[PDB]
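Quick heads-up: the structure tokens below are two forms of one chain, split into structure 1 and structure 2.
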Structure 1
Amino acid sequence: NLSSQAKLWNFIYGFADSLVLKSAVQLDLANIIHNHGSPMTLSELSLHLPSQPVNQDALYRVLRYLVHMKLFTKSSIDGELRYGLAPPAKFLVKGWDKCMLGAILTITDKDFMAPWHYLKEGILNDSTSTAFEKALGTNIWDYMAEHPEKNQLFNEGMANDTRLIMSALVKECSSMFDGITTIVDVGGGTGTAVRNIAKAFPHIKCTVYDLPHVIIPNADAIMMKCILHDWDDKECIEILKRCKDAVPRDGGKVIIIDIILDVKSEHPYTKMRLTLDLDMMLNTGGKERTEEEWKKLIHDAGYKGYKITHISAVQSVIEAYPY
């Protein structure tokens, strides 16, 4: 009756998955194999590696792990053992929008895992520093500046997540813009994000309004893409109150894009949605809300109701109705 003990053992070693995968991305194993067009032997794979000579044995023991994770395949072809890609590894190949290689390099950076070791000090009072600041002795801004590459990759990461979010929005939720002729994108900075809407719906005038902050505009609809999960309840309701007055009684609305935590859910992203919240707490200081918490914010903002639409992304869409 030891499946119980095994769950826990596997939870203890959950980091081994992260870090084996990290090495596979670092060594770019999946691309190399796909770019090869045919499954590669140990020595063939070895010779494609950045530096030489390679420790075949270490490479073999890591492959065995990747293969057991079911990300890579091991197959006997002729008298040779050849390694291919199991289906999940398509996200380990370059040259398509869902490539996760950057995400991986970022998330599994030793320094970016570091703050997760201060979960206990997050809970016990010592302090006002973020777990990040406690583990690295600087704030992220500073950190990113002193690590411009990590920063560049990180920005490209965020830019790419916005394309994917925006794209699922216009494609999956286009009906949400029916009747709309103007939209204000709050926190849309440059306007790259809203531009997806202007492009898909040329009949809609898209305005960006960033909020002053320390280091309104009228429309049929207001949009907030991943804004609110940064603001606490006070700010969220105020902004949500400004938005009410900015959109028309007759049909106006606010479209919110953010994670909806639902722990009682069997959706595959449930776990990751939870993880993003602890990550929020460790780094930014925001949180991800449950539907009940969204309900209450909206209710406390004087709104009539809301409708949640699920999309092919971590985040969800909340159409919040002011009148």
Structure 2
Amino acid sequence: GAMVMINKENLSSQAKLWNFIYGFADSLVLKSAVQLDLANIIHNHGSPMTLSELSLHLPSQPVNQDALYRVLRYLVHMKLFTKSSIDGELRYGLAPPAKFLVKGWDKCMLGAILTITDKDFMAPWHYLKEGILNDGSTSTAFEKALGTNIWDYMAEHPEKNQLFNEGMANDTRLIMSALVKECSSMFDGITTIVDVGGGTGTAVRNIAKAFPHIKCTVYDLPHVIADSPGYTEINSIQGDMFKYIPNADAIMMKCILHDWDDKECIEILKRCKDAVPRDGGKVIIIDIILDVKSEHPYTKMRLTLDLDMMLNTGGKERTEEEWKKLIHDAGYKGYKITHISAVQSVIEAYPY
């Protein structure tokens, strides 16, 4: 018949399953740590704090200190926070990865955390089985969970629109420094650049500051431009990139093409190719490159973004070979990849 176990089963193997089952506890404990603002209370204090001292500084009163102690115990085991005995008291501090929970610098990841761990925005992941056994539905998991496609949903839910746009703002803050410094030569000779699907303008505001002689434009759907601050020297245009892309010396698209299937990407890439000059025009794509042959620090979260696209947008994350095919099919002459030690890489696509 079947396998019969006769000696002790491996505890580590079973623990690996329990840790996968409860993966959501890491996401949702982290969310609570962010909502309580623990890392910033400690960082501002400048030294480890007792349970009582932390409690006195929390966002509201009163505080259940038993609950706080037990969440902190979990956070210490995550190696995000520390706990030690100092001068006769137990005090809580920050471990090195907690720096990404500290406000005031480009790699603070708080906006992204609050977007991704939002209850409504997690709901699509419960429809993953229905993405494979689709019973002949063509809708995304986002539509099954929340009623309509992501972008129309954002147009009808202003607070959700804002939360998502700030997550994207954050995502872009993580890479701008590397972009404008390491990839400064990409901006040479450009007099105009349009950020297609540029969101609430983080990328253009940073490019415009680093390169004062380039006239920058942000272009997105009306409900996103409506959630943006006013601009002085930067053009803000609203519209639909499938029907119109503002012409310029260069087009940039960050986290756009991974929202769309290959047919749609080719339509967008053709529209971009015809928006830039034959003479040194270029299209700057910023998106993940999936390595399916070797492992990198961001490999796990890049595969996670592949399914995030599958459920939320209808898109995908692509390997270099897939990018090559898409860029070829849109009729470009060639492409060049630049790594910037980020989740995304830069792919410059060059027309004839």
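Note that the rigid core is defined as the largest set of C-alphas that superpose within 1.5 Å between two forms. The first residue in the sequence of structure 1 is number 1, and each one after it adds one.
*Asks:* Tell which of 99, 81, 105, 198, after superposing on the rigid core, has its C-alpha displaced by 2 Å or more between the two structures, please.
*Replies:* The one that moves 2 Å or more is 198.
*Asks:* With both forms fitted on the core, give yes or no for whether the Cα of residue 300 moves by 2 angstroms or more between the two structures.
*Replies:* Comparing forms between the two structures, the residue 300 CA shifts at least 2 Å.
*Asks:* Is it true that residue 22 shifts between the two structures by 2 Å or more at the Cα, once the core is aligned?
*Replies:* No; that C-alpha moves by less than 2 Å between the two structures.
*Asks:* Note yes or no: does the Cα of residue 147 move by 2 Å or more between the two structures after the core is superposed?
*Replies:* Superposed on the core, residue 147 moves its C-alpha 2 Å or more between the two structures.
*Asks:* Once both forms sit on the same core, give the Cα displacement of residue 8 between the two structures in angstrom.
*Replies:* Looking at the C-alpha of residue 8 between the two structures, the offset is 0.6 Å.
*Asks:* Quick one: CA shift at residue 246 between the two structures, core fit, Å?
*Replies:* Residue shift at the C-alpha: 9.3 Å.
*Asks:* Let me know the CA shift of residue 318 between the two structures in Å, rounded to one decimal, core fitted.
*Replies:* Once the two forms are fitted on their core, the shift reads 4.2 Å.
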